[PDB]
Structure formats: C-alpha cells, structure tokens
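# Chain and residue survey
Listed below are the residues making up each chain.
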Amino acid sequence: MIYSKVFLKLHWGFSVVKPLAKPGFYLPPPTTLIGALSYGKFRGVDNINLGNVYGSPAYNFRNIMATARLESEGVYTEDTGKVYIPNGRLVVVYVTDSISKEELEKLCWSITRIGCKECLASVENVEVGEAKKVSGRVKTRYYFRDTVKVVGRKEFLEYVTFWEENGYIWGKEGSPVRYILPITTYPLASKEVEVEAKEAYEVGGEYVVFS
RNA sequence: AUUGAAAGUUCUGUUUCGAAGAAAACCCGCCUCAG
C-alpha cells in the first residue's frame, strides 16, 4: 500500500454546488480529488465509451483512496456557494496500490484545478512512500465516514452528504453516503479529533482514517 | 477534464444658482563717549 502527499497553493478558493437556491459544500468530495488526479493522464478527452454508456473519462480511477485538509482560514459565502480562502494551503493524501510509485508521483504533479475552471491551484511539493496499517486509538484531521466511532468530545463535528463513483455517469444520481467533517463553521479551520476506528494508515504521523 | 460541462447585472444622468471680515487706533516720553 503506497501513499503520496501533495501541497497545493490555492488562488482564490473552490466552489462545488450540492446536487438537487444553489448551496455549496465546505470541503471538496473525494470524487473531485480523484478526478484531479485522473486529469494528468486523460487530458484532452471529455467522453470515453465505458462499454455501455458515455459517462466520464474518470470511471477507471474509482478505486483510489484520497483525503484532503486545509491549513489556513477562509469564509463560506453565498452570493452559488463559495469558499474563499485566498493564498491558502491544501494538503492532499492519496493512498492506493493500483499503480507503482513512479506513476502516482508523475500524476501528482499534474493537478491543475479542484472543482470548476476558476479554482486553479499550483503545486509546491510532493512526497511518496510506503504506508503502514494500524487499528489503535489515533488522532486525525482528515474527514472520515459516519460509521466511525468517536471517543473525544463532540464539539467540532459537522454532517455532510457525498456520493459514490456511480454518479460519474450522466443522467444518473449517485448513492448518498454520510460523512463527518472536523471543521469549525466560522471562521473556516481544521481541528484534531481522536478516533478508534479499525483501519488507519500512518502516512507520516498524521494518521488517515478510512473505516 | 471532477454535480463537472455552457453564461458580462449591461445600457442613460453637472449638487447648479448668490453673498465686501468692514468700521476706530502715534511705540512715545529722558540720555555729550568725555576728558
């Protein structure tokens, strides 16, 4: 199980609107993170024949684990929800085993935007390594699933709804999955939460929780 | 190539006209550079 870390510098922020008034999300979903990685290999093409229907040139990277977190302060504003965090820093962790270290590192440098066109984001540095699996009590900053238990004080937790990769195809809505975000609503920031969990990969001290 | 893809809330307008800080008032009364 290989892992990679990337540091991104945002220009003005990101904007992803909720499916189904156009409120937006607080942090990008894993689908956007996987699509940004896939942009490095599928550049120039917008429709691929999956075999039955044209849905996206991203239905092949669906099994790559990804998380992300903030490192600065921002504000969420509706004026079409937007998350303004100019000159901020984003840390993205990719955990997978499908490809070797070289391919993941090459695709990691090829991230251009997160969300829509205006949300450009440069790349400052990357790290690649081998991760270890643990199950003891850990402290994490990355968001995780709803079913994961919590031992600490419930004070900085929010509930959001994301979608699986089934939504990659047009004319079809993805499955609803609940997610827990350790975020302060105003001003925007990230806080540490202690969880027990069952699977946690150590990617340099900042344990990443998946289930 | 990411609930992503496709879009200007843009066009037209004077804070303008008018109204003396003006009138009265002494620096002035005393002193050899001398043998």
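As shown above, the structure is provided for reference.
So, how was this worked out
- Residues numbered from 1 in each chain as written, not as in the entry; some residues may be left out.
- Chains lettered and ligands numbered in written order.
- Part of a larger assembly, values for the part shown.
- Heavy atoms only, no water.
- Buried < 20%, exposed > 50% of the residue type's maximum accessible area, 1.4 Å probe, protein only.
- Helix = DSSP H or I, 4+ residues; strand = E, 2+ residues; numbered from the N terminus.
- Salt bridge = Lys/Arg side-chain N within 4 Å of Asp/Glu carboxyl O.
- Near = heavy atom within 4 Å.
- Polar contact = N/O pair within 3.5 Å; in protein donor to acceptor, adjacent residues only side chain to side chain.
- Nonpolar A, V, L, I, M, F, W, Y, C, P; charged D, E, K, R; others polar.
- Core = buried A, V, L, I, M, F, W, Y, C linked by side-chain atoms within 4.5 Å.
- Contact = heavy atoms within 4.5 Å.

The subject of this paragraph is helix α1 (residues 30–38). The buried count for α1 comes to eight of nine residues, which makes it a mostly enclosed element. By the burial criterion, the buried members of α1 are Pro30, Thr31, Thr32, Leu33, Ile34, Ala36, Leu37 and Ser38.

What follows covers the pattern of salt bridges. Following the criterion strictly, the structure yields four salt bridges and no others. Of the charged contacts, one joins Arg137 and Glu196 as a salt bridge, the two residues approaching to 3.7 Å between their closest N and O atoms. You can see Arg137 sitting in the loop between β8 (132–134) and β9 (138–140) and its partner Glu196 sitting in the loop between β15 (193–195) and β16 (200–202), a full 59 residues away along the chain. Taking relative accessible area as the criterion, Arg137 reaches 55% and is therefore assigned exposed. You can call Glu196 partly exposed: its relative accessible area is 31%.

On to the protein's contact with RNA strand B, then. As a matter of local geometry, RNA strand B sits amid 27 residues, with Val17, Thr32, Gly35, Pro57 and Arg113 nearest to it. Counting only atoms of RNA strand B within 4 Å of the protein, the sugar-phosphate share comes to 53%. Contact between RNA strand B and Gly44: a base nitrogen at 2.9 Å from a main-chain N or O atom of the residue. At five residues, the largest contribution of residues to the surface near RNA strand B is made by α1. Each residue belonging to the surface near RNA strand B can be placed in one class, and the counts come to 13 nonpolar, nine polar and five charged.

Attention now moves to the nonpolar core. Core analysis: the largest hydrophobic core is formed by 41 residues, its most contacted members being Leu8, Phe14, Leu33, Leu37, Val92, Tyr94 and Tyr143. Excluding anything up to four places from it in sequence, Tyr94 contacts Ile2, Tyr3, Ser4, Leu33, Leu37, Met65, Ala66, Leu104 and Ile111. Membership of the second largest hydrophobic core comes to 10 residues, among which are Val93, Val95, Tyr142 and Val208.

Another aspect to go through is the side chain of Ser56. Position of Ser56 among the secondary structure elements: in the loop between α1 and β3 (65–70). On the basis of relative accessibility, which here comes to 5%, the residue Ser56 falls in the buried class. Within the local environment of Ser56, its side chain forms a polar contact with the backbone oxygen of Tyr168, the two atoms lying 3.2 Å apart. Look past the residues within four positions of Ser56 in its chain and what remains in contact with it is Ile48, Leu50 and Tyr168.

On the secondary structure map, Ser4 appears in strand β1 (residues 2–10). Apart from residues lying up to four places away in sequence, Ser4 is in contact with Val92, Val93, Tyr94, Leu104, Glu127 and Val128.

We now examine unusual backbone geometry. The linkage connecting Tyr186 with the following residue, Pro187, adopts the cis geometry, with an omega of 0 degrees. Within the secondary structure layout, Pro187 lies in the loop between β13 (183–184) and β14 (189–190). Residues other than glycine seldom take positive phi values, yet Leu20 does so here, at roughly 55 degrees. Residue position: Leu20 is located in the loop between β2 (13–14) and α1.

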